[PDB]
Amino acid sequence: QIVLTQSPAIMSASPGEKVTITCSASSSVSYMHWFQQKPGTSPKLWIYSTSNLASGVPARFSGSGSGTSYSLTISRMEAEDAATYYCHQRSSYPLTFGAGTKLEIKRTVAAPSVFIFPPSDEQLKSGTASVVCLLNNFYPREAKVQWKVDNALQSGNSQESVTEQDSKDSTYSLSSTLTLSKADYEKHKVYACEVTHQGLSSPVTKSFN
Amino acid sequence: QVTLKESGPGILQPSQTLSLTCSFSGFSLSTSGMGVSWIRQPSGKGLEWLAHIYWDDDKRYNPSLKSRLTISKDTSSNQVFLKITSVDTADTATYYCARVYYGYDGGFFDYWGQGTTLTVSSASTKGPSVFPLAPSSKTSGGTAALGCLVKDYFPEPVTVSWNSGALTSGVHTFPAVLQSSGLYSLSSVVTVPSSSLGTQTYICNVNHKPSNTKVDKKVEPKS
Amino acid sequence: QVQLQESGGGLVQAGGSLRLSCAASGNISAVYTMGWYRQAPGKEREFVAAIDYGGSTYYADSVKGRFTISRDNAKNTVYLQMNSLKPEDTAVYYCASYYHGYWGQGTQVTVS
Amino acid sequence: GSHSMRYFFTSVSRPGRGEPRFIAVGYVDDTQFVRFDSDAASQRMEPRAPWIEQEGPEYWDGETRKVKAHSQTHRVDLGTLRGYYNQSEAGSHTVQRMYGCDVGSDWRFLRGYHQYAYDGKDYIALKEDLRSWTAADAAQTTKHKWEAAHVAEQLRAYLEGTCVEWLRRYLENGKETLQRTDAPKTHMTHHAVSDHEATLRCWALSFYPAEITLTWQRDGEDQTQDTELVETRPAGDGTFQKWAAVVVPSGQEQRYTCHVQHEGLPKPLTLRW
Amino acid sequence: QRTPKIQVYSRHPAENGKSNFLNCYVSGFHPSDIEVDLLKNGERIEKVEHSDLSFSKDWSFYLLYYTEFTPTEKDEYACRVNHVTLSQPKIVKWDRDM
Amino acid sequence: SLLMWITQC
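Cut-offs and rules
Residues numbered from 1 in each chain as written, not as in the entry; some residues may be left out. Chains lettered and ligands numbered in written order. Heavy atoms only, no water. Helix = DSSP H or I, 4+ residues; strand = E, 2+ residues; numbered from the N terminus. Buried < 20%, exposed > 50% of the residue type's maximum accessible area, 1.4 Å probe, protein only. Contact = heavy atoms within 4.5 Å. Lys, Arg positive; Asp, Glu negative; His and termini not counted. Charge placed at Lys NZ, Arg CZ, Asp CG, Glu CD. Buried area = accessible area lost by both parts, 1.4 Å probe. Polar contact = N/O pair within 3.5 Å; in protein donor to acceptor, adjacent residues only side chain to side chain. Core = buried A, V, L, I, M, F, W, Y, C linked by side-chain atoms within 4.5 Å. Domains from an automatic or database assignment. Disulfide = S-S within 2.5 Å. UniProt positions renumbered as here; feature names shortened; annotations may be inferred. Salt bridge = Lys/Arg side-chain N within 4 Å of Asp/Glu carboxyl O. Arc of directions from axis to C-beta. Pairing = 2+ DSSP bridges. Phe/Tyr/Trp six-rings, centres within 6.5 Å; stacked < 30°, edge-to-face > 60°. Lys NZ or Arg CZ within 6 Å of the ring centre and 35° of its normal.

In the PDB archive, cryo-EM is given as the structure determination method for this entry, at a resolution of 3.3 Å.

1. Examining the overall build of chain D
Along chain D, the regular secondary structure elements total 3 helices and 16 strands. Its C-alpha atoms put chain D at 65 × 45 × 40 Å along the principal axes. The buried share of chain D, taken over its 273 residues, is 55%. In chain D, of all internal contacts separated by at least 6 residues, the share reaching a separation of at least 24 is 53%. Averaged over its 33 positive side-chain charges, chain D has a centre that lies 4 Å from the centre of its 39 negative ones.

2. Things to note about the interface of chain D and chain F
On the chain F side, the residues contacting the 29 residues of chain D number 9 residues. It is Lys-66, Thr-73 and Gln-154 of chain D in chain D that bury the most area against chain F; as a group they hold 28% of the surface buried on that side. Connecting chain D to chain F are 9 residue pairs in polar contact. Those elements giving two or more residues to the side of chain D that touches chain F turn out to be β1 (3-12), α1 (57-84), β5 (94-103), α2 (140-148) and α3 (151-173) of chain D. It is α1 of chain D that contributes the most residues to the side of chain D that touches chain F, 11 residues altogether.

3. Side note on the nonpolar core
Counting residues in hydrophobic clusters, the biggest one holds 81 residues, and the most contacted among them are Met-5, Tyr-7, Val-28, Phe-33, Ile-52, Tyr-170 and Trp-216 of chain D. Examining the composition of this core, we find that 12 residues originate from one element, α3 of chain D, more than from any other. Shared between two domains, this core holds at least three residues of each, these being domain 1 (1-180) and domain 2 (181-269) of chain D. With sequence-adjacent residues up to four places away left out, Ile-52 of chain D is seen in contact with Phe-33, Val-34, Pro-47, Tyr-59, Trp-60 and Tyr-170 of chain D. Counting 46 residues, the second largest nonpolar core, distinct from the first, contains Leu-45, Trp-46 and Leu-103 of chain A together with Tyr-102 of chain B.

4. Points about unusual backbone geometry
A cis amide bond, omega 0 degrees, links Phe-154 of chain B with the succeeding residue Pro-155 of chain B. Here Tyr-208 of chain D and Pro-209 of chain D are connected by a cis peptide whose omega angle stands at 5 degrees. Assignment of secondary structure puts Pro-209 of chain D in the loop between β10 (198-207) and β11 (213-218). You will see that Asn-78 of chain B, though not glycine, has its phi angle at about 60 degrees, which is positive. Tracing the chain through its elements places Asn-78 of chain B in the loop between β7 (69-74) and β8 (79-85).

5. Focus: the state of the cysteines
All names here are of chain B. For the coordinates displayed, the defined rule picks out 6 disulfides over all chains. Here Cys-22 engages in a disulfide with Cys-97; their sulfurs sit 2.0 Å apart. Looking along the S-S bond of the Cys-22-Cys-97 disulfide, the torsion reads about 65 degrees, which is the right-handed sense. Placement of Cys-22 in strand β3 (residues 17-25) and of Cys-97 in strand β9 (residues 93-101) is noted, with a sequence separation of 75 residues between them.

6. Quick word on the UniProt feature "disulfide bond" in chain E
Residues and elements named next belong to chain E. In textbook terms, a disulfide joins two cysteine sulfur atoms at less than 2.5 Å, and UniProt's bridge between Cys-24 and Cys-79 fits this description with an S to S distance of 2.0 Å. Linking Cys-24 in strand β2 (residues 20-29) with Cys-79 in strand β7 (residues 77-83), this pair joins segments that are 55 residues apart in sequence. We note that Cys-24, like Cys-79, is buried.

7. Examining the pattern of salt bridges
By the definition in use, this model includes 42 salt bridges over all chains. The salt bridge partner of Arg-48 of chain D is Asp-52 of chain E, with a shortest N-O separation of 3.4 Å. Within this pair, whereas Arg-48 of chain D is found in the loop between β4 (46-47) and α1, its partner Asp-52 of chain E is found in the loop between β4 (43-44) and β5 (54-55), the two belonging to separate chains. Judged by relative accessible area, which is 9%, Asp-52 of chain E ranks as buried. Residues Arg-44 of chain E and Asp-37 of chain E are paired through a salt bridge, measuring 3.3 Å at the closest nitrogen-oxygen approach. Look at the salt bridges and you will find they share partners, linking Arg-14, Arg-21, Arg-35, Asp-37, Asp-39, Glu-46 and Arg-48 of chain D together with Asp-52 of chain E into a network.

8. Brief notes about α2 of chain D
All names here are of chain D. Of the residues making up α2, those classed as buried are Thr-142, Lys-143 and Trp-146. When α2 is viewed along its axis, its buried side chains cluster within an angular range of 100 degrees and face the same direction. Elements in contact with the buried residues of α2: α1, β5, β6 (109-118), β7 (121-126), β8 (133-135) and α3. Positioned one or two residues after α2, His-150 has a phi angle of 55 degrees, which is positive.

9. With respect to the UniProt feature "domain: Ig-like" (unreviewed entry) in chain D
Mapped onto the present numbering, the UniProt feature "domain: Ig-like" (unreviewed entry) falls at residues 184-270 of chain D. Across residues 184-270 of chain D one finds 0% helix and 52% strand; the C-alpha atoms that close the span lie 12 Å apart.

10. A closer look at the pairing of strand β3 (residues 34-40) of chain E
Residue and element names in this part refer to chain E. Taken across its 7 residues, β3 has 6 buried, putting it largely inside the fold. The sheet contact formed by β3 and β7 spans 7 bridges and is antiparallel. Within β7, the position partnered with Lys-40 by the bridge is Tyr-77. The pairing of β3 with β4 spans 2 bridges and is classified as antiparallel. Across the sheet, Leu-39 pairs through a bridge with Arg-44, a residue of β4. Count of turn residues in the β3/β4 antiparallel hairpin: 2 residues, of which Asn-41 carries a positive phi of about 55 degrees.

11. Regarding the packing of aromatic side chains
Residue and element names in this part refer to chain D. One pass over the full model with this rule turns up 60 aromatic pairs over all chains. The interplanar angle of 70 degrees and the centroid separation of 6.5 Å between the aromatic rings of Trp-216 and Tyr-256 together place this pair among those described as edge-to-face. With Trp-216 in strand β11 and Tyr-256 in strand β15 (residues 256-261), this pair connects stretches of sequence that are 40 residues apart. Taking relative accessible area as the criterion, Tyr-256 reaches 4% and is therefore assigned buried. Directly above the aromatic system of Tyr-113 lies the positively charged group of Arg-6, at a separation of 4.3 Å from the ring centroid. Over the aromatic face of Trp-243 sits the side chain of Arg-201, whose NZ or CZ is 4.1 Å from the ring centroid.

12. Observations concerning the side chain of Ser-91 of chain A
Turning to its location among the elements, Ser-91 of chain A is positioned in the loop between β8 (84-89) and β9 (96-97). Separated by 3.2 Å, the side chains of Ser-91 of chain A and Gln-89 of chain A make a polar contact.

13. Side note on the sheet that holds β7 of chain E
Each strand in a sheet pairs with another by means of backbone hydrogen bonds, the pair being arranged parallel or else antiparallel. Pairing within the open sheet is antiparallel, and its 4 strands lie in the order β4-β3-β7-β8 (chain E). Two strands bound the open sheet, and with one partner strand each, they are β4 and β8 (90-93) of chain E.

14. Focus: the domain arrangement of chain D
All names here are of chain D. Segmenting chain D into domains produces domain 1 (1-180) and domain 2 (181-269). Summarising the inter-unit geometry, the C-alpha centres of domain 1 and domain 2 are found 35 Å apart. Each partner contributes residues to the interface: domain 1 has 9 residues there, and domain 2 has 9 residues. Here domain 1 and domain 2 share an interface that buries about 560 Å² over both sides, 37% of which is from carbon and sulfur atoms. Area buried by domain 1 at its contact with domain 2 is led by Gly-1, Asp-30 and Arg-180, which between them contribute 87% of it. In this assembly, domain 1 and domain 2 are joined by 1 salt bridge. For the pair domain 1 and domain 2, the number of links is 3 residue pairs in polar contact.

15. Points about the pairing of strand β14 (residues 240-248) of chain D
Residues and elements named next belong to chain D. Of all 9 residues in β14, 8 are buried, a share of seventy percent or more. The pairing of β10 with β14 spans 9 bridges and is antiparallel. Looking at the pairing, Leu-200 lines up with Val-246 of β14. As judged from the 2 bridges shared by strand β12 (residues 228-229) and β14, these two strands associate in the antiparallel manner. Note that in β14 the partner of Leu-229 across the bridge is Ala-244. Taken together, the 2 bridges between strand β13 (residues 233-234) and β14 define a ladder with antiparallel strand orientation. Its bridge partner lying in β14, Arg-233 is registered against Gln-241. The turn joining β13 and β14, which pair antiparallel and follow one another in sequence, is formed by 5 residues; a positive phi near 115 degrees is taken by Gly-236.

In structure tokens:
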């Protein structure tokens, strides 16, 4: 099987930056085809044979390369260019796509507006407690949340989900949810969540009783 | 116009048999150089090609799923079928049928279907346990974040609206998180000015139609 | 390079016995097959005669029985005896060697 | 046994994309030995066979001059035939011309052809006596002009006396290529159509010359009535291919036998599977 | 006027992994305006050296396009022709044993 | 070889 690897797993470029995705094939492929999948939609053919723009593809895109190394290039990025791009081959019939190059809009740094939410009473009476942290409107998705139960380290009881890049100001939003049992919850007080970020000078902690 | 439309079950139990169908219009699978292929996308992961059927009833499969996959066509009714026997939780994906036409250069997956999302788990359909996320009492001198927790629902399709669609300006709805119990958890969050917390009303409307459970929970500042 | 030093034409009386000539120089393999043509002023080119290396003869029906195509391998010469020239035969003649794809310079034959 | 030398000339009229494209190909038996393309890199007659690459440079100059004369005459021919048939200039039309000579076993003249076609249908041709023409409705004037120019007699001179001699020279030069007879290499292929019918195919691969006969026999008479047969396909290396397939009713394959007939077969083969 | 007859085949019987020549013998067509592409999984092969345009007794042209190719177990090769008589290009898949 | 002189139609 010809497995295709795309060198940038995630790539951030501001509108106006020349963007170059690169797809590397383990074996020589006659052609490489590129698909664009904006989230929530079916993938769209973009470069139908190694250089050729598909129908409706803007002229700013271009394909190149041959053999075991191909590339998709954006001469001048637009905001609508932000999507996932898969490199696909047909030379060997176990048709393989790339792992995807999520192309995101580069934006100036923003700091996460952290919040903490105590478990609700109607949820507490149901036998479980979930305390939810929130990171609002920060650009670099490299944020990571540390959960403090009673100043004690908690590592494996939180699930974290991130919204897609906002279409208005290209800024993310992240929430970490710590799920605990009623007995495991009522045996600690002064819960806290501390988050560090590339835009935060020092970690910011939000706490509650 | 060329149209492809997948169909099939939305939820399956493990070890069951999946039967997808792709009914297409605008082109004939009997045309020379024509084909329809099945591609699946696990959640948000990369695309995976499953099977391909030709105009002359020649079938090409993915070797990693060749024993499970079965593809067939019915060109009289313009349909293409895919059968995955003994499905597992790893078969949870959005399934696409894509047309391949050799007549003109550029027909490699030139048209795709809208995709049929399939969830394979042993859980059962359940309505969300909507909960409120009251803003903290020590309100800041800026905006405060409301929210609602949408917990323990299945399957994945759920939509949360605030004031029945009147607060779509700054609401963040986070993607569902498949918990260890097999049920999904989702949280919608809106941000509002601190000076509009107690004087203004805020309600969260969920529309979990797979369980036919409409819930409208009131959000108020924490005591 | 090859050249066809064709000559021997001129003004002849009706019923004459004119004897055209044509020879080749520069290439020593032209003797394979050579033929004669003609083109009256205002008329298209017309076949007249042809002779092979072995001496096989071919004539048009107009010149059959009154013209004579002849060759000699040793001297590279090819000739065209033209007994009984009717006044229709007033034309510029073209000796052409079939091997080289080369046309002669147009020896002129005029008959009163 | 019998040999033949043929030349095929094709002129297609590009109405607004340059002067007409001219292709001239020469064949001895089934082997193409010369070519000329007016759109090729070199406006020269190029050899397509190894045994003719040893002809002298003056030979190639003569071939190039004569093929350019053919190209020019075919351009004027397209221009004249458009007027003869009163066709619009915007139309694209093709002119095909074939002439050549055949040779018997004892290496004498046997048959002489010169045929002319316009738009893929017969226009004018030379009769077997090499002295008269067969003409179409508007080809009568072409026949009259050709008889006035006495082109029939020059054609007879070329075909009977120098076409034969050049064919003999090519045969002696290509003694190991043109005079060879590659015996067919044969296979029987069994494939299943259903549980009650199967297809039995009789292959004949890499034979020369192209003539061959494949007959299916049901332990008896020929079976050309239900046999699938393809045209002798050119293998590409100078040889030819052909296969013939029937349908066996799932178990009576031994009743079916294919008979392959070829000059290179000492005794015609009889496969049975 | 006349529609082409296509035969897609190999020079030698196909054994996977051994180099071979994929022929696409387009014959019997008229006029000569044709486009022929040899495809591997629907992708055009380069260097599709063909033959010089000739014609048969009935003035119908025949053309042979041939590439060098290596047959494999599940890769499919086809020949896509286009002609005046063909409403859409007609693709003939190469059958390994036909 | 080819024909020397071929006439126009």
